[PDB]
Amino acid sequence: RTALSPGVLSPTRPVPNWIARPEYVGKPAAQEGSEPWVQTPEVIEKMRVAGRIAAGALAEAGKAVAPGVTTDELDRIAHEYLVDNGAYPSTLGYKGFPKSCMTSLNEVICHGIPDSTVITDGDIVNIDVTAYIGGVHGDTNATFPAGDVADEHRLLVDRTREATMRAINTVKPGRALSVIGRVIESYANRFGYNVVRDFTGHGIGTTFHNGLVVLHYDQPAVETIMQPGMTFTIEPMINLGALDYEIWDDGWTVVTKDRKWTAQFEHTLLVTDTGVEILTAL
């Protein structure tokens, strides 16, 4: 199983004119980065809708993960699930991104572009989907095995899922945001994995990346305290190898320099009055 290279991008997939686009579609940047971290009750309830739809899309596309399938196909499936439920795929036209979800195989850390790449026996495939509906986003991802995956890679996926759910369980009002990355990086280090530092979780609401940053490593200098109504993602990328990466000339696809494999999981979370709610629960 050799290092991946780009395949053929299929043309831009249509979205029915009736489905409202985020403001940033077509534009080189997005109007985001200064939105409130705590959401109104209206936006929280809308975020439950968007979260459930994104979770649905992710689960539909994950079911298609099998040897012989292309990344493009997974995109087709997610895109059609979103459009059928009246959601806009938030990645489509986000800063020029050409597709409806991100598909990241093996050594690809994140941000892979669905294309003619054919999945083979033993691969690990992250699908990251975001839904825009009711003026709000819902963002989720998971790494799926394709055929007979090596124990080393089954364990990386299972331990990344676990690091994610452990971090989710720390979320409660009055706790320091920094606890999340402490819990993840401790669990990853227990098995001699390395957490990706350059890519982080984010606040999400009426905007995709609202300015709130959630680190997945231990950084106790962050002073932010979790507050009821705060919405953000936890989305650690966990590497078997070193952290050093390259970005392909597509300007998106991020790959490990040593070509060792890496896994990621993501939910969108609400800080409740007493704990957490997973908005992107299936």
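Residues carry their position along the shown sequence, with the first being 1.
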> Quick one: higher average CA temperature factor, 253-261 or 49-57?
Replying inline: 253-261
>> I need to verify one thing: averaged over C-alpha atoms only, is the B-factor higher for 243-251 or for 222-230?
In response: 243-251
> Which one, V43, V69, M237, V213, has the peak C-alpha temperature factor per the PDB entry?
Replying inline: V69
>> So if I compare the CA B-factors in the entry for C110, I119, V136, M165, which one is the largest?
In response: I119
> Would the CA B-factor of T272 place it in the lowest, middle or highest third of its chain?
Replying inline: middle
> With respect to C-alpha B-factor, does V65 fall in the lowest, middle or highest third of the chain as deposited?
Replying inline: highest
>> Sorting by Cα B-factor within the chain, modelled residues only, which third would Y81 end up in: lowest, middle or highest?
In response: middle
> What third of its chain, lowest, middle or highest, does the C-alpha temperature factor of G147 fall into?
Replying inline: highest
>> Ranking the modelled residues of this chain by C-alpha B-factor as given in the entry, is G96 in the lowest, middle or highest third?
In response: highest
